[PDB]
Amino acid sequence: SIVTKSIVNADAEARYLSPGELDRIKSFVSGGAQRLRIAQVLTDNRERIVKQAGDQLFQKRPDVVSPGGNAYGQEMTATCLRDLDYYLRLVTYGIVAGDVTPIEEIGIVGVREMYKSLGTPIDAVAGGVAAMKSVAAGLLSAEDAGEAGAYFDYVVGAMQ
């Protein structure tokens, strides 16, 4: 969370939180209800976000759902959408935390090694997460879409 990140930075310089770090925490917690409502709206629309993002991905990356493709066939396609649902869930965790570390620790460390073993093209996984960002953005205010979008963008960038 933003709180852990501030503490870790202070601890590395053997010091109390700066007045600036403390002010950021106060500002974050004051906006806290609005962040929880973003997580609730994305949660309420998770089926729509994952399904519509899947359709967008498969239109731009027909290779992954064609013969030889990692998602080819009903069962592998379903597993592919399960992974997008995992990443949507992690993005809701980042949004309430004000920091990407929960995303990093669950879904990013070792992600290249996992997908390489499975034969999954990780650039297509990134494409699916970018598709979820565009669908999610359609359900949020401009301000809320900008905040949510930063968490999607972190996942896409960490897979590139």
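Residue numbers here begin at 1 and follow the sequence given.
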When mean C-alpha B-factors in the record are compared for 124 to 132 and 25 to 33, the larger belongs to 25 to 33
Mean CA B-factor: is it higher for 85 to 93 or for 67 to 75? 67 to 75
Taking the values exactly as deposited, rank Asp55 by C-alpha B-factor within its chain and report the matching third: lowest, middle or highest. highest
Sort the modelled residues of this chain by their C-alpha B factor and say whether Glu47 lands in the lowest, middle or highest third. highest
Which third of the chain does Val155 land in by C-alpha B-factor: lowest, middle or highest? lowest
On the chain's distribution of Cα B-factors, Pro102 falls within the third called highest
